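Novice: The structure is given below, and queries will be raised subsequently.
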Amino acid sequence: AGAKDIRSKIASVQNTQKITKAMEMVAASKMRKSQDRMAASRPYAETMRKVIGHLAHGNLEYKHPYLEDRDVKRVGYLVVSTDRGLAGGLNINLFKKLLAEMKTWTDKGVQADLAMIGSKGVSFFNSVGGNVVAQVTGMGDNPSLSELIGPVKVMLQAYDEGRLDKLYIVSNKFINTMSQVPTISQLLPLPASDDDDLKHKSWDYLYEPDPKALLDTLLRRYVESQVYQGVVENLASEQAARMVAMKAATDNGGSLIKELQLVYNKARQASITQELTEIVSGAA
Amino acid sequence: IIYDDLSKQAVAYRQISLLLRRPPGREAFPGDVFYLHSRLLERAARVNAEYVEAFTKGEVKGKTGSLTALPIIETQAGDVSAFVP
C-alpha cells in the first residue's frame with residue numbers, strides 16, 4: 001500500500017540510518033579510549049622484557065622450562081574474541097586463520113586444544129567441535145587482568161607438566177585506525193631473540209631470596225602481561241571494525257531511502273491519475 | 001534520420017487526443033500511443049534491390065536503399081520502466 005505503508009517504511013529506514021550514524025561516532029570515541037589504554041600498557045611489558053633479557057643472557061646463563069626449547073608433541077592456543085556482534089568479519093577471519101594453522105598441525109599428528117576469551121569464539125569453536133579447555137566472557141569495555149589470570153594459569157599448568165609443548169596467542173593487531181590484521185604469535189617457549197650487554201650482570205642485581213624463584217615469577221608475570229596487551233589491542237581493533245561497519249550501514253540505508261522514495265512517488269502519481277480518470281468517466 | 005524528443009511528440013498527441021475527449025489509458029496517454037510510434041518507426045528499413053527497381057520503374061538497378069533512425073527518449077529519474085520508454 002504505497003499510500004499507506006511505504007511512507008512508514010521510509011521513516012523507519014530514516015530512523016535506523018540516524019541511529020547507525022550515531023553509533024559510528026560512539027565507536028570512534030571508544031576507539032580513541034582503547035588506543036590510550038593500549039599505549040599505556042606497553043612500557044611495563046617492555047621493562048619486564050628488559051629484565052628477563054638481562055637475567056637470561058647474562059654472563060651466567062640460567063635454564064628454565066618456560067625458556068628452553070622443547071620438542072613438539074601437543075600444540076596449544078588461546079584466542080580472544082568479541083562479546084558483541086557487528087564489527088564486520090573480524091572474528092570469522094581470525095577463526096579461519098586459526099583453523100588453517102590448527103589443520104596444519106593436525107596433519108602432522110599433533111593434538112591441539114584451545115583457551116577461549118569472548119563468547120563468539122566459544123560459540124564458533126563449539127560448532128567446530130574443537131577442544132576448549134578454558135573460557136572467560138563478559139569483560140566488555142575496561143577488561144581486567146584479574147579475570148585473565150585464570151586461563152593463563154591453567155595453560156601454564158598444562159605447558160610445564162608436559163601436556164603442552166608450545167603456546168600461541170591469537171589476536172588482531174591495531175596497526176592504525178584504518179587497518180587491522182589477524183595475527184598469531186608464540187608465548188611459550190620464550191621466542192624473543194637474544195641480546196647482549198655489559199653494564200647489566202657486571203654491576204649485577206643482588207638477588208633476594210635467590211635468582212631462580214624471581215625468574216619464575218618474572219616469566220609468569222611477563223606472559224600474563226603479553227596476553228593482557230593482546231586483549232586490549234583486540235578490543236581496539238573491534239571498535240575500529242564497528243566504526244567502519246556502521247559507516248557502511250549508514251550509506252546502505254541512505255541508498256535504500258531514495259529508491260523507496262522514487263517508488264512511492266510513482267505510486268502517488270499513478271493513484272491520482274487513476275482516481276481522476278474514474279471521476280471523469282463517472283460523469284457520463 | 002534522428003528524431004529529437006519523440007517524447008515531446010507523445011505529449012502532443014495526448015493534448016490533441018484529450019482535447020478530442022478520447023478516453024485515456026495508462027498514465028494519460030490514449031491506447032493509440034503505441035500505434036503512433038510503431039507506424040513512424042517502422043518506416044526505417046533496408047530494402048532489397050528488387051523493391052528499388054520496382055519503385056524506380058527500372059531506372060536504378062542492383063542498389064539497396066536504407067534509412068537509419070535514432071529516436072531519442074527522455075526518462076524521469078532514470079526510470080526505464082515507464083510507459084512510453
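Residues are referred to by chain and number: the chain letter is A, B, ... according to the order shown in the C-alpha cells, the number counts from 1 in that chain, and ligands are numbered separately from 1 in the order shown.
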Taking only C-alpha atoms into account, report as a ChimeraX atom specification which residues of chain B lie within 8 Å of chain A.

Specialist: /B:24,27-28,77

Novice: Report as a PyMOL selection string all protein, DNA and RNA residues lying within 12 Å of residue 35 (chain B), evaluated on only C-alpha atoms, omitting residues in the same chain fewer than 5 positions from it.

Specialist: chain B and resi 10+13+29-30+40-42+84

Novice: Could you pull out the helix (DSSP H, G or I) residues of region 167-237 of chain A from DSSP and send them as a list in words?

Specialist: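 Of region 167-237 of chain A, only residues 211, 212, 213, 214, 215, 216, 217, 218, 219, 220, 221, 222, 223, 224, 225, 226, 227, 228, 229, 230, 231, 232, 233, 234, 235, 236 and 237 of chain A fall in helix (DSSP H, G or I).
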
Novice: With N, CA and C atoms retained, write the just-selected residues as a short mmCIF file (atom, residue, chain, number, x, y, z; two decimals), in the first residue's frame.

Specialist:
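Saved result, again_14.cif, follows:
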```
data_model
loop_
_atom_site.label_atom_id
_atom_site.label_comp_id
_atom_site.auth_asym_id
_atom_site.auth_seq_id
_atom_site.Cartn_x
_atom_site.Cartn_y
_atom_site.Cartn_z
N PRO A 211 68.05 -15.97 42.75
CA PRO A 211 67.68 -15.54 41.39
C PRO A 211 66.65 -16.42 40.70
N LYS A 212 66.47 -17.68 41.13
CA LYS A 212 65.64 -18.57 40.33
C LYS A 212 64.15 -18.32 40.55
N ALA A 213 63.70 -18.25 41.81
CA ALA A 213 62.28 -18.01 42.07
C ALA A 213 61.82 -16.69 41.47
N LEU A 214 62.68 -15.67 41.54
CA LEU A 214 62.39 -14.40 40.90
C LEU A 214 62.24 -14.54 39.40
N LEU A 215 63.02 -15.42 38.78
CA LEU A 215 62.89 -15.64 37.35
C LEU A 215 61.57 -16.32 37.01
N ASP A 216 61.13 -17.27 37.83
CA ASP A 216 59.85 -17.93 37.59
C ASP A 216 58.70 -16.94 37.68
N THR A 217 58.65 -16.19 38.78
CA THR A 217 57.60 -15.18 38.92
C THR A 217 57.66 -14.16 37.80
N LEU A 218 58.87 -13.75 37.41
CA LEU A 218 59.03 -12.76 36.35
C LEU A 218 58.49 -13.27 35.03
N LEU A 219 58.80 -14.52 34.68
CA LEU A 219 58.31 -15.08 33.42
C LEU A 219 56.79 -15.20 33.44
N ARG A 220 56.22 -15.65 34.56
CA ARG A 220 54.76 -15.76 34.64
C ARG A 220 54.10 -14.39 34.48
N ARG A 221 54.62 -13.38 35.18
CA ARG A 221 54.07 -12.04 35.03
C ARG A 221 54.24 -11.52 33.61
N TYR A 222 55.34 -11.88 32.94
CA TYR A 222 55.57 -11.42 31.58
C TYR A 222 54.55 -12.00 30.61
N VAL A 223 54.31 -13.31 30.67
CA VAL A 223 53.33 -13.89 29.76
C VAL A 223 51.93 -13.37 30.07
N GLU A 224 51.63 -13.12 31.35
CA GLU A 224 50.34 -12.54 31.69
C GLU A 224 50.19 -11.14 31.08
N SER A 225 51.25 -10.33 31.16
CA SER A 225 51.21 -9.01 30.55
C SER A 225 51.05 -9.11 29.04
N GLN A 226 51.71 -10.09 28.42
CA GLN A 226 51.58 -10.26 26.97
C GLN A 226 50.14 -10.53 26.58
N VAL A 227 49.46 -11.42 27.30
CA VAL A 227 48.09 -11.73 26.92
C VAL A 227 47.14 -10.58 27.25
N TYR A 228 47.39 -9.84 28.33
CA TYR A 228 46.58 -8.66 28.60
C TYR A 228 46.71 -7.62 27.49
N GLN A 229 47.94 -7.37 27.04
CA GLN A 229 48.16 -6.40 25.97
C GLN A 229 47.48 -6.86 24.69
N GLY A 230 47.55 -8.15 24.38
CA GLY A 230 46.85 -8.66 23.22
C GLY A 230 45.35 -8.46 23.31
N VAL A 231 44.78 -8.69 24.49
CA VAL A 231 43.34 -8.48 24.68
C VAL A 231 42.97 -7.03 24.41
N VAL A 232 43.74 -6.10 24.97
CA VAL A 232 43.42 -4.68 24.80
C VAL A 232 43.50 -4.29 23.33
N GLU A 233 44.54 -4.75 22.64
CA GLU A 233 44.67 -4.41 21.23
C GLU A 233 43.53 -4.98 20.41
N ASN A 234 43.08 -6.20 20.73
CA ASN A 234 41.95 -6.77 20.02
C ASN A 234 40.68 -5.96 20.27
N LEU A 235 40.50 -5.46 21.49
CA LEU A 235 39.34 -4.61 21.76
C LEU A 235 39.37 -3.35 20.90
N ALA A 236 40.55 -2.72 20.78
CA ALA A 236 40.66 -1.54 19.94
C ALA A 236 40.35 -1.86 18.48
N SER A 237 40.84 -3.00 17.99
CA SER A 237 40.54 -3.40 16.63
C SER A 237 39.04 -3.64 16.44
#
```

Novice: Name all residues at most 12 Å from residue 169 (chain A) (count only C-alpha atoms; drop same-chain ones fewer than 3 positions away) and give them as a ChimeraX atom specification.

Specialist: /A:75-81,94,98,114-117,152,155,166,172-173,182-188,223-231,234

Novice: Restricted to C-alpha atoms, what would the selected residues look like written as an mmCIF file, in the first residue's frame?

Specialist:
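The result, stored in selection23.cif:
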```cif
data_model
loop_
_atom_site.group_PDB
_atom_site.id
_atom_site.type_symbol
_atom_site.label_atom_id
_atom_site.label_comp_id
_atom_site.auth_asym_id
_atom_site.auth_seq_id
_atom_site.Cartn_x
_atom_site.Cartn_y
_atom_site.Cartn_z
ATOM 1 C CA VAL A 75 50.295 -27.527 20.488
ATOM 2 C CA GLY A 76 48.123 -25.010 22.307
ATOM 3 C CA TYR A 77 46.383 -21.746 21.526
ATOM 4 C CA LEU A 78 44.455 -19.115 23.403
ATOM 5 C CA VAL A 79 42.110 -16.970 21.338
ATOM 6 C CA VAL A 80 40.478 -13.599 22.011
ATOM 7 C CA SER A 81 37.088 -12.731 20.554
ATOM 8 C CA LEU A 94 40.667 -14.721 12.913
ATOM 9 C CA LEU A 98 43.418 -20.216 13.468
ATOM 10 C CA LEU A 114 42.187 -24.006 22.784
ATOM 11 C CA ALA A 115 41.685 -21.457 25.538
ATOM 12 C CA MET A 116 38.905 -19.002 24.794
ATOM 13 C CA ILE A 117 38.265 -15.324 25.516
ATOM 14 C CA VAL A 152 46.777 -18.336 31.611
ATOM 15 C CA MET A 155 47.538 -23.099 30.224
ATOM 16 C CA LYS A 166 54.210 -24.708 22.555
ATOM 17 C CA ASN A 172 44.060 -8.996 15.853
ATOM 18 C CA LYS A 173 46.579 -6.149 15.798
ATOM 19 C CA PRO A 182 44.737 -11.035 12.463
ATOM 20 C CA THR A 183 47.976 -12.462 13.838
ATOM 21 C CA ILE A 184 49.301 -15.440 15.775
ATOM 22 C CA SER A 185 52.439 -15.167 17.910
ATOM 23 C CA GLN A 186 54.241 -17.562 20.237
ATOM 24 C CA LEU A 187 54.307 -17.208 24.024
ATOM 25 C CA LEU A 188 55.865 -20.442 25.314
ATOM 26 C CA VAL A 223 53.328 -13.893 29.760
ATOM 27 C CA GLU A 224 50.340 -12.536 31.690
ATOM 28 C CA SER A 225 51.206 -9.014 30.550
ATOM 29 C CA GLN A 226 51.583 -10.256 26.972
ATOM 30 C CA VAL A 227 48.090 -11.731 26.920
ATOM 31 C CA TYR A 228 46.575 -8.658 28.601
ATOM 32 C CA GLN A 229 48.159 -6.405 25.972
ATOM 33 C CA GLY A 230 46.848 -8.662 23.217
ATOM 34 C CA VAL A 231 43.342 -8.484 24.678
ATOM 35 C CA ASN A 234 41.946 -6.768 20.018
#
```

Novice: Could you jot down the CA of residue 119 (chain A) to CA of residue 38 (chain A) separation for me, Å, one decimal place?

Specialist: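 Separating CA of residue 119 (chain A) from CA of residue 38 (chain A) is a distance of 22.1 Å.
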
Novice: May I ask which of the residues A:240, A:1, A:134, A:112 is the closest one to residue 179 (chain A), counting only C-alpha atoms?

Specialist: A:240

Novice: If we count only C-alpha atoms, what is near region 10-25 of chain A at a cut-off of 6 Å, once residues fewer than 4 positions away on the same chain are taken out, given as a PDB file with N, CA and C atoms, in the first residue's frame?

Specialist:
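Dumped everything to part.pdb:
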```
ATOM      1  N   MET A 243      33.180   0.807  13.834  1.00  0.00           N
ATOM      2  CA  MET A 243      33.033   2.116  13.206  1.00  0.00           C
ATOM      3  C   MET A 243      32.881   1.978  11.696  1.00  0.00           C
ATOM      4  N   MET A 246      29.489   0.498  10.714  1.00  0.00           N
ATOM      5  CA  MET A 246      28.387   1.437  10.871  1.00  0.00           C
ATOM      6  C   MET A 246      28.387   2.490   9.775  1.00  0.00           C
ATOM      7  N   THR A 250      25.177   2.964   7.331  1.00  0.00           N
ATOM      8  CA  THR A 250      24.522   4.249   7.111  1.00  0.00           C
ATOM      9  C   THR A 250      24.440   4.572   5.626  1.00  0.00           C
ATOM     10  N   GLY A 253      21.654   2.424   4.072  1.00  0.00           N
ATOM     11  CA  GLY A 253      20.337   2.973   4.358  1.00  0.00           C
ATOM     12  C   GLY A 253      20.035   4.210   3.533  1.00  0.00           C
TER      13      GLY A 253
END
```

Novice: Excluding region 193-208 of chain A and any residue of its chain fewer than 3 positions from it, enumerate the residues within 12 Å of it, using only C-alpha atoms, and give them as a ChimeraX atom specification.

Specialist: /A:49-61,67,189-190,211-215

Novice: Any chance you could export the current selection's N, CA and C atoms as a PDB file, in the first residue's frame?

Specialist:
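So the final result, stored in again09.pdb, reads:
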```
ATOM      1  N   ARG A  49      60.480  -7.182  29.875  1.00  0.00           N
ATOM      2  CA  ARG A  49      61.282  -7.836  28.845  1.00  0.00           C
ATOM      3  C   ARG A  49      62.760  -7.514  28.999  1.00  0.00           C
ATOM      4  N   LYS A  50      63.084  -6.264  29.325  1.00  0.00           N
ATOM      5  CA  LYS A  50      64.480  -5.904  29.542  1.00  0.00           C
ATOM      6  C   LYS A  50      65.068  -6.677  30.716  1.00  0.00           C
ATOM      7  N   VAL A  51      64.310  -6.789  31.807  1.00  0.00           N
ATOM      8  CA  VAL A  51      64.810  -7.502  32.981  1.00  0.00           C
ATOM      9  C   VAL A  51      65.001  -8.986  32.676  1.00  0.00           C
ATOM     10  N   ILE A  52      64.026  -9.612  32.004  1.00  0.00           N
ATOM     11  CA  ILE A  52      64.171 -11.032  31.686  1.00  0.00           C
ATOM     12  C   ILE A  52      65.324 -11.251  30.718  1.00  0.00           C
ATOM     13  N   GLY A  53      65.557 -10.309  29.801  1.00  0.00           N
ATOM     14  CA  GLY A  53      66.699 -10.431  28.914  1.00  0.00           C
ATOM     15  C   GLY A  53      68.013 -10.349  29.663  1.00  0.00           C
ATOM     16  N   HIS A  54      68.097  -9.434  30.631  1.00  0.00           N
ATOM     17  CA  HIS A  54      69.287  -9.366  31.468  1.00  0.00           C
ATOM     18  C   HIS A  54      69.499 -10.669  32.227  1.00  0.00           C
ATOM     19  N   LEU A  55      68.429 -11.239  32.783  1.00  0.00           N
ATOM     20  CA  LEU A  55      68.590 -12.455  33.578  1.00  0.00           C
ATOM     21  C   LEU A  55      68.957 -13.650  32.706  1.00  0.00           C
ATOM     22  N   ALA A  56      68.372 -13.737  31.512  1.00  0.00           N
ATOM     23  CA  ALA A  56      68.606 -14.884  30.642  1.00  0.00           C
ATOM     24  C   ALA A  56      69.979 -14.818  29.987  1.00  0.00           C
ATOM     25  N   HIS A  57      70.312 -13.679  29.382  1.00  0.00           N
ATOM     26  CA  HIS A  57      71.516 -13.544  28.575  1.00  0.00           C
ATOM     27  C   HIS A  57      72.680 -12.937  29.343  1.00  0.00           C
ATOM     28  N   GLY A  58      72.640 -12.978  30.669  1.00  0.00           N
ATOM     29  CA  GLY A  58      73.763 -12.520  31.460  1.00  0.00           C
ATOM     30  C   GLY A  58      74.975 -13.415  31.294  1.00  0.00           C
ATOM     31  N   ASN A  59      76.087 -12.973  31.891  1.00  0.00           N
ATOM     32  CA  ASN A  59      77.326 -13.746  31.836  1.00  0.00           C
ATOM     33  C   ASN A  59      77.104 -15.170  32.335  1.00  0.00           C
ATOM     34  N   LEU A  60      76.387 -15.317  33.444  1.00  0.00           N
ATOM     35  CA  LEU A  60      75.939 -16.625  33.904  1.00  0.00           C
ATOM     36  C   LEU A  60      74.543 -16.868  33.343  1.00  0.00           C
ATOM     37  N   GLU A  61      74.387 -17.953  32.591  1.00  0.00           N
ATOM     38  CA  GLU A  61      73.168 -18.217  31.842  1.00  0.00           C
ATOM     39  C   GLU A  61      72.357 -19.294  32.549  1.00  0.00           C
ATOM     40  N   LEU A  67      61.682 -21.176  29.214  1.00  0.00           N
ATOM     41  CA  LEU A  67      62.670 -20.572  28.331  1.00  0.00           C
ATOM     42  C   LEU A  67      63.305 -21.566  27.369  1.00  0.00           C
ATOM     43  N   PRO A 189      57.600 -21.781  24.174  1.00  0.00           N
ATOM     44  CA  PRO A 189      58.684 -21.192  24.965  1.00  0.00           C
ATOM     45  C   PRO A 189      58.992 -19.759  24.547  1.00  0.00           C
ATOM     46  N   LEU A 190      59.772 -19.050  25.361  1.00  0.00           N
ATOM     47  CA  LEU A 190      60.119 -17.660  25.101  1.00  0.00           C
ATOM     48  C   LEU A 190      60.795 -17.526  23.743  1.00  0.00           C
ATOM     49  N   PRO A 211      68.049 -15.973  42.752  1.00  0.00           N
ATOM     50  CA  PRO A 211      67.683 -15.544  41.394  1.00  0.00           C
ATOM     51  C   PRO A 211      66.655 -16.424  40.704  1.00  0.00           C
ATOM     52  N   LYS A 212      66.471 -17.676  41.127  1.00  0.00           N
ATOM     53  CA  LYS A 212      65.636 -18.571  40.333  1.00  0.00           C
ATOM     54  C   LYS A 212      64.148 -18.323  40.551  1.00  0.00           C
ATOM     55  N   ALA A 213      63.698 -18.252  41.807  1.00  0.00           N
ATOM     56  CA  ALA A 213      62.279 -18.014  42.065  1.00  0.00           C
ATOM     57  C   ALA A 213      61.822 -16.688  41.472  1.00  0.00           C
ATOM     58  N   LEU A 214      62.682 -15.671  41.535  1.00  0.00           N
ATOM     59  CA  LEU A 214      62.390 -14.399  40.900  1.00  0.00           C
ATOM     60  C   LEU A 214      62.241 -14.542  39.399  1.00  0.00           C
ATOM     61  N   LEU A 215      63.023 -15.424  38.779  1.00  0.00           N
ATOM     62  CA  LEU A 215      62.889 -15.644  37.346  1.00  0.00           C
ATOM     63  C   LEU A 215      61.570 -16.318  37.006  1.00  0.00           C
TER      64      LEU A 215
END
```
